[PDB]
Structure formats: C-alpha cells, structure tokens
Amino acid sequence: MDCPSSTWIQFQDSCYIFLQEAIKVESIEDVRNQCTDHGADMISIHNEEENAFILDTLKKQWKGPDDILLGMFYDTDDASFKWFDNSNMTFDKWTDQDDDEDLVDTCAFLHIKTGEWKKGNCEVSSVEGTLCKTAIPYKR
C-alpha cells in the first residue's frame, strides 16, 4: 500500500482522498487543513489526466458533489491561483465564468460533471468536503 489506507486512491505518484468534512472554513487554508490532517494537502491538477481522474474518482469511490474544491488558492498579492501542492499551475481547465475585480467571493472548484474550474479561493465556511492529494515518496 503506497497510500495510507484503501480510501486513498493512487494516481500517477500521489494519493487522493475525499473527505467530506464539515468545518468552519475561515480561509481556504482551513479547508485545506482537512487534508493536512491526513498528511495530505488539497488536490492539485497538473494535467487533465488528474482533472478528469478526480472527476470520476470522486463519485467512483466517494460521494461526489457537483463540484469539489480544487486545491488552489488565490493569492491576492500575486493575484494568482496557486496549488496547495506548492507547484506551478501548469494545467488548467478554466471555464468562462463571470469575473469581477476580486474573485475572492468565490472559490475554485472543479466541476464533477465537465471538469471545469471556477475561480476563487475558499474564504467561505461553506466547504464541507475537499479532495486531498498527497504524493507518495514511495514513487517519488
């Protein structure tokens, strides 16, 4: 087992788990805590392979919402969307959305249906589930 438990789905070189945890999310760092609690961090897409993986995988193993939070945060200083994986956003499935100055009002969620993302950061408490991605040093 590369992954901690069987609820962890191994993909390429990482392990994924959805834990629909209802917690007071102050910032996306708070929601991302749900994952860090498991030694993981929020999901991070570097290819459609990941994007479309999560997409089915979510519903295939776990429940599956219409959209899962991406593990992407909006650094308002850089004004960038960043992966909690701490790696460059080298891939993106951005859909055409409405976008004001700040998209801090919204967060980034990958759409379970199509695999499209929304812009933002989850600085809202309305997050009850995040996908966690942790890499496995076993395959690193």
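Residues numbered from 1 in each chain as written, not as in the entry; some residues may be left out. Heavy atoms only, no water.

In the PDB archive, solution NMR is given as the structure determination method for this entry.

**Overview of the overall build of the protein**
Across its full length, the protein carries two helices and eight strands. Its helices and strands taken in sequence order, the protein reads β-β-α-β-α-β-β-β-β-β from the N to the C terminus. What you see for the protein is a C-alpha radius of gyration of 14 Å, in line with the 14 Å of a compact globule of 140 residues. Projected onto its principal axes, the C-alpha coordinates of the protein cover approximately 45 × 30 × 25 Å. Counting over 140 residues, the protein shows a buried share of 45%. For the protein, the exposed area adds up to about 7,200 Å²; of that, 40% sits on carbon and sulfur atoms. Of the side chains in the protein, 13 bear a positive and 29 a negative charge, and the two mean positions are spaced by 7 Å. (Helix = DSSP H or I, 4+ residues; strand = E, 2+ residues; numbered from the N terminus. Rg over C-alpha atoms; globule rule 2.2 N^0.38 Å. Buried < 20%, exposed > 50% of the residue type's maximum accessible area, 1.4 Å probe, protein only. Areas by Shrake-Rupley, 256 points an atom, 1.4 Å probe, with all protein chains shown as cover. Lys, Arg positive; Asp, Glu negative; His and termini not counted. Charge placed at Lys NZ, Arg CZ, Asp CG, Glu CD.)

**Some words on the nonpolar core**
The biggest cluster of nonpolar side chains holds 44 residues, and the ones touching the most others in it are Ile54, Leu69, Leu70 and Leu110. Looking at which element gives the most residues to this core, the answer is strand 2 (residues 14–19), with five residues. (Core = buried A, V, L, I, M, F, W, Y, C linked by side-chain atoms within 4.5 Å.)

**Digging into the pairing of strand 6 (residues 80–83)**
Pairing geometry for strand 5 (residues 72–75) and strand 6, over four bridges, is antiparallel. Bridging from a neighbouring strand, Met72 pairs with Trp83 of strand 6. Between strand 5 and strand 6, which pair antiparallel and follow one another directly, the connecting turn spans four residues, one of which, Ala79, has a positive phi of 60°. (Pairing = 2+ DSSP bridges.)

**Digging into unusual backbone geometry**
Outside of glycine, negative phi angles account for most residues, and trans bonds account for most peptide bonds. Backbone geometry places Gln12, a non-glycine residue, at a positive phi of 65°. For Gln12, the location among the structural elements is in the loop between strand 1 (9–11) and strand 2. The phi dihedral of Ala79 is positive, around 60°, even though this residue is not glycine. Counting through the fold element by element, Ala79 comes out in the loop between strand 5 and strand 6.

**Re the UniProt feature "domain: C-type lectin" in the protein**
With numbering aligned to this structure, UniProt lists the feature "domain: C-type lectin" at residues 11–131. Overall, residues 11–131 shows 19% helix and 21% strand. The separation of its end C-alpha atoms is 13 Å. (UniProt positions renumbered as here; feature names shortened; annotations may be inferred.)

**Looking at the UniProt feature "disulfide bond" in the protein**
Here the UniProt disulfide linking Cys107 with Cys122 is intact, its two sulfur atoms sitting 2.0 Å from each other. Highlighted residues: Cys107 in the loop between strand 6 and strand 7 (109–111) and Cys122 in the loop between strand 7 and strand 8 (130–135), separated in sequence by 15 residues. Pair check on accessibility: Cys107 and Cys122 agree, each one buried. (Disulfide = S-S within 2.5 Å.)

**A short note on helix 1 (residues 28–36)**
Buried within helix 1 are the following residues: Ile28, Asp30, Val31, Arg32, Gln34 and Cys35. Along its buried surface, helix 1 packs onto strand 2, strand 3 (41–42), strand 4 (67–69), strand 5 and strand 8. (Contact = heavy atoms within 4.5 Å.)

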